[PDB]
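Novice: sequence, then the experimental structure. Questions to follow.
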Amino acid sequence: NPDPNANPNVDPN
Amino acid sequence: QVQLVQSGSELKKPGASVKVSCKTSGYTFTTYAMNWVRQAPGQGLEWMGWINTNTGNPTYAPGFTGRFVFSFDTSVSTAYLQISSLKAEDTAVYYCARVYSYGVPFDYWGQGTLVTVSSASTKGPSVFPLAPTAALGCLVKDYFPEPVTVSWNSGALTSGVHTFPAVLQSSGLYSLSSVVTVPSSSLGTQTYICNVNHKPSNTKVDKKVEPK
Amino acid sequence: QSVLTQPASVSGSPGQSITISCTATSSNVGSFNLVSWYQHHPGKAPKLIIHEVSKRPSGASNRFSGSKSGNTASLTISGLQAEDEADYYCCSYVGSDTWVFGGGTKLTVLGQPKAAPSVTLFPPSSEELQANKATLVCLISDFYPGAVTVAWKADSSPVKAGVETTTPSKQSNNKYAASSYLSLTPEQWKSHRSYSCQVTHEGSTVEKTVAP
């Protein structure tokens, strides 16, 4: 799974 | 202080549209995703999807595809939920909720927006007496929509009163009862009147309940 | 059919500790370390109380703890208190930037003795009969726990047709109450020798009868 500290609200490009 | 404040209750007919708002404050709006969650009556929370406030892209969960639109307006830091082809089973409380991170989702929630979908139209109640320590009451029948408030003797009678929540009949109309327990010896001396108020129909009824 | 399975209900008495399980039924949770829990009081927004399986945010009491063994995450509440009576939901990331909630668990705090329902049955009022309608009103009050079933009988045969029954709701005195309505034509009402309302509570039954 993703890093818990990461933010899903980002540009994927 | 982070705050998500949603618009007020909605009442819609099947086949109509609805658009709910979620105004935010206390944080940078485009840093964090806005999520939507639905709770139907007597059911759990269901995750509906989210909108990416950096890109604008919405993501819908299966079952909320086809007639649901997530949007936002950055000039007023507000997100929106639009629903088309409304049906009775869309009756639910709709919440917006922020996601801070993968580890911390749904840290702040809006207060919810109730959206009721019914084919019924506004109709005032038909009040009938429930004649009689003796119990007596009033039957408030076949009204729409909620709410109805009931008092006794203009509020001078409070002890031993209970107004039950309403049933939703198959016809889409609501009914409820209010009952008060009183001493048997008071019957024939004290007058008992239920004061029914149905604001949605601009109707009030004062029904005297006497022995029979 | 949520991918996270919670018991429908759990109960405990004040001061005890209780545990709510949340088992993942699919591999889309991956490592199952992005597990969060929410407390939901009626009329209020859900509240984040655990994230990342076991992390407690600021604001949630230290009586709430989260754990995991294998694919079952668990919420434990220590020193149970009356205000803990609420719905609890677990939640997991399930890949591709999607989330899911468990079915929810209703936690009941048994801070009150059991009480059998009091039942009052009202026949159709004269006025209503004169309007060519007829409603039996069965009012149920002062019972705990808040779970009942209602059945109607015309003489001795049961009657499901025309029955509308509310869900129990808290009274002013903290006990529960509910109502049931049987709709009939004036012909049916006068057609039978009597009608009865039968309230079942904790396996025992209280029946009231009315006669035209």
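Specialist: Arrived safely. Residues are numbered from 1 along each chain as shown, chains lettered A, B, ... in the order given.

Novice: looking at chain C, which residue is nearest chain A?
Specialist: Here chain C gets closest to chain A at one residue, residue C:30, 4.2 Å apart by CB to the nearest CB. C-betas here are computed from N, CA, C, even on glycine.

Novice: excluding chain neighbours, what is closest to that residue?
Specialist: Leaving aside its sequence neighbours, residue C:30 sits nearest to residue A:1 (CB to CB, 6 or more residues apart in numbering or on different chains; 4.2 Å).

Novice: list the contacts for the one you found?
Specialist: Contacts for residue A:1 were tallied using CB atoms under 8 Å, 6 or more residues apart in numbering or on different chains; they are B:102, C:29-31, C:33-34, C:93, C:95.

Novice: please redo it, this time with the cut-off set to 7 Å
Specialist: By CB atoms under 7 Å, 6 or more residues apart in numbering or on different chains, the contact list for residue A:1 reads C:30-31, C:33-34, C:93.

Novice: pull the number of nearby residues for residue B:152.
Specialist: For residue B:152, the number of neighbouring residues by other CB atoms under 10 Å in any protein chain shown comes to 24.

Novice: correct me if wrong: it contacts residue B:161.
Specialist: Yes. With contact defined as CB atoms under 7 Å, residue B:152 reaches residue B:161; the gap is 5.7 Å.

Novice: now name the helix or strand holding the residue nearest to the spatial centre of chain B.
Specialist: Of all residues in chain B, the one closest to the mean position by CA atoms, centre = their mean is residue B:114, 5.1 Å from it. Counting by DSSP states H and E, the element that carries residue B:114 is strand B:113-117.

Novice: quick one, phi psi at the residue sitting furthest away from the middle of chain C?
Specialist: The outermost residue of chain C, judged by C-alpha distance from the chain's mean C-alpha position using CA atoms, centre = their mean, is residue C:130 at 38.0 Å. Dihedral angles phi and psi of residue C:130 (degrees, to the nearest 10) take the values phi -70, psi -20.

Novice: spell out which parts of chain C neighbour chain A.
Specialist: Proximity of chain C to chain A is assessed by CB under 7 Å from any CB of the partner chain, with C:30-31, C:33-34, C:52, C:93, C:97 identified as the residues in range.

Novice: what do you get if the cut-off is 6 Å, keeping everything else the same?
Specialist: By CB under 6 Å from any CB of the partner chain, the part of chain C that sits against chain A consists of C:30-31, C:34, C:52, C:93, C:97.

Novice: among these, who's most crowded?
Specialist: Among those, residue C:93 has more neighbours than the rest - 25 neighbours, counting by other CB under 10 Å.

Novice: residue B:11 and residue B:42, how far apart?
Specialist: Between residue B:11 and residue B:42 the distance is 19 Å, computed by CB to CB, to the nearest Å.

Novice: what does residue B:187 give?
Specialist: 39 Å.

Novice: what about the two, which has more around it?
Specialist: Each of residue B:187 and residue B:42 had its neighbours counted (other CB under 10 Å), and the higher figure belongs to residue B:187 (16 against 6).

Novice: how about the more buried one, what does it touch?
Specialist: Contacts for residue B:187 were tallied using CB atoms under 6 Å, 6 or more residues apart in numbering or on different chains; they are B:132, B:211.

Novice: residue B:191: neighbouring residues, count only.
Specialist: Under the criterion other CB under 10 Å, the count of neighbours that residue B:191 has is 10.

Novice: go on, the one 10 residues further on?
Specialist: Burial of residue B:201, expressed as a neighbour count using other CB under 10 Å, amounts to 15.

Novice: pretty sure it is in contact with residue B:126, am I right?
Specialist: No. Residue B:201 sits out of contact with residue B:126 when judged by CB atoms under 6 Å, with a separation of 11.6 Å.

Novice: distance between the ends of stretch C:49-62?
Specialist: Counting by CA to CA, to the nearest Å, the length from the leading to the trailing residue of stretch C:49-62 is 10 Å.

Novice: how far does it sit from the chain's center?
Specialist: Its chain's C-alpha centre and that of stretch C:49-62 lie 26 Å apart, by CA atoms, centre = their mean, to the nearest Å.

Novice: near chain B, which residues of chain C show up?
Specialist: Within chain C, the positions lying close to chain B (CB under 6 Å from any CB) are C:34, C:45-46, C:48, C:51-52, C:89, C:99-101, C:103-104, C:120, C:122, C:125, C:127-128, C:137, C:139, C:164, C:166, C:169, C:171, C:177, C:179.

Novice: give me the subset of these lying in strands.
Specialist: By the criterion of DSSP state E, membership of the residues of chain C next to chain B in strands covers C:48, C:89, C:99-101, C:120, C:122, C:137, C:139, C:164, C:169, C:177, C:179.

Novice: if we can go back for a sec, partner strands of the following helix or strand past the strand holding residue B:114, with direction?
Specialist: Downstream of strand B:113-117, the first helix or strand assigned by DSSP H and E is strand B:126-130. Here strand B:126-130 is paired, per DSSP bridges, with strand B:134-143 (antiparallel).
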